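Trainee: Just dropping in an experimental structure and the matching sequence.
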Amino acid sequence: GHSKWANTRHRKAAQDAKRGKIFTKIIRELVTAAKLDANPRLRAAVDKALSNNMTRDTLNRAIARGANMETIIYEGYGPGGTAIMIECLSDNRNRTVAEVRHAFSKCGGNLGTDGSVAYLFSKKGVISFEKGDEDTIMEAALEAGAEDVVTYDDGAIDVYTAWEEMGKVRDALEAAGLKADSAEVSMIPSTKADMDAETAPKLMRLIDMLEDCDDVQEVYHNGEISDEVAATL
């Protein structure tokens, strides 16, 4: 009872309503990495920009910006006792932590020590196929170096790679006539947080408030959902 759109339907139907905020968070992550100009920190941003439909000239002009903002991560728990990580970028640490702290209060939750639920998360590249031949994609993926392949109930396919190889793998599948629909780099949970029609929209409200903050670059969670309940939100 677990499809891919079930853990991507909601919020992804909300992030496509806050495109200004999403566009501009990417911009800051591009400019800051170019100002660094550090290389393997620009790459990530660029890929995120593409997957979000940001034109090339726009990204190039952002990087071509090569205001002291720093990166900061937070951790906590939320609806249904669901683990959560928050990645930020800001020039004001205290204002950032307050806004993040405010979200949890308004959603019954609490931040924690830097090492709490983090160990429950592994940073890896994910190349997704919304459809296709499973055994052919799997072999081409493992062949290219992939670390694992997941096939969901809706035929969607997720290829996991070492976070820093998502690119080589993605390209291999393409040159092989096996184009992925998306290929990003996220934080994958090694555990499941069951959710009901009660502790889901509640969690989803937290992700919404957190993502509403301009300092919040990334929000990850293990609140696995089911097709059964996903049809209540």
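Mentor: Everything's here; your move. Numbers count the residues shown, from 1 in each chain.

Trainee: Could you look up the SS state of residue 170?
Mentor: Three-state call for residue 170 (DSSP: H, G, I helix; E, B strand; the rest coil): helix.

Trainee: Residue 81 versus the residue nearest to it when sequence neighbours are not counted, what's the distance?
Mentor: Counting by CB to CB, 6 or more residues apart in numbering, residue 183 is the residue found nearest to residue 170 once chain neighbours are left out, at 4.2 Å. For the C-beta atoms, the positions are set from N, CA and C on the backbone; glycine is no exception. Look at residue 183 and residue 81: by CB to CB, to the nearest Å, they are 31 Å apart.

Trainee: and if you look at residue 112?
Mentor: Using CB to CB, residue 112 is found at 13 Å from residue 81.

Trainee: Looking at residue 183 and residue 81, which one has more neighbours?
Mentor: Legend: neighbour count by other CB atoms under 10 Å for residue 183 and residue 81, higher for residue 183 (23 against 12).

Trainee: list the contacts for residue 131?
Mentor: Contacts of residue 131 were listed using CB atoms under 8 Å, 6 or more residues apart in numbering, and they are 155, 156, 157, 181.

Trainee: wait, residue 147
Mentor: Residue 147 makes contact with 124, 160, 161, 162, according to CB under 8 Å, 6+ apart.

Trainee: At the geometric centre of the protein, which residue sits there?
Mentor: When the chain is reduced to its mean C-alpha position, the nearest residue by CA atoms, centre = their mean turns out to be residue 186, at 4.5 Å.

Trainee: In three-state terms, label it for me.
Mentor: Residue 186 ends up strand, using three-state DSSP.

Trainee: Just give the nearest non-adjacent residue to it, would you?
Mentor: Per CB to CB, 6+ apart, closest to residue 186 is residue 126, 5.8 Å.

Trainee: Can you name the residues that contact that neighbour?
Mentor: Each residue near residue 126 by CB under 8 Å, 6+ apart is listed here: 158, 159, 160, 161, 166, 183, 184, 185, 186, 188.

Trainee: element containing it?
Mentor: strand 121-129 (DSSP states H and E).

Trainee: For that strand, output the C-alpha coordinates as PDB.
Mentor: Output in PDB follows, covering the C-alpha atoms of strand 121-129 (Å, rounded to 0.1, in the frame of the first residue of the first chain):
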ATOM      1  CA  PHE A 121      19.400  10.100   7.700                       C
ATOM      2  CA  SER A 122      21.800   9.300   4.900                       C
ATOM      3  CA  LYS A 123      22.600  11.800   2.200                       C
ATOM      4  CA  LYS A 124      22.400  10.200  -1.200                       C
ATOM      5  CA  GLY A 125      21.600  10.900  -4.800                       C
ATOM      6  CA  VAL A 126      18.100   9.700  -6.000                       C
ATOM      7  CA  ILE A 127      17.300   9.300  -9.700                       C
ATOM      8  CA  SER A 128      13.500   8.800 -10.200                       C
ATOM      9  CA  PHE A 129      11.500   7.200 -12.900                       C
END
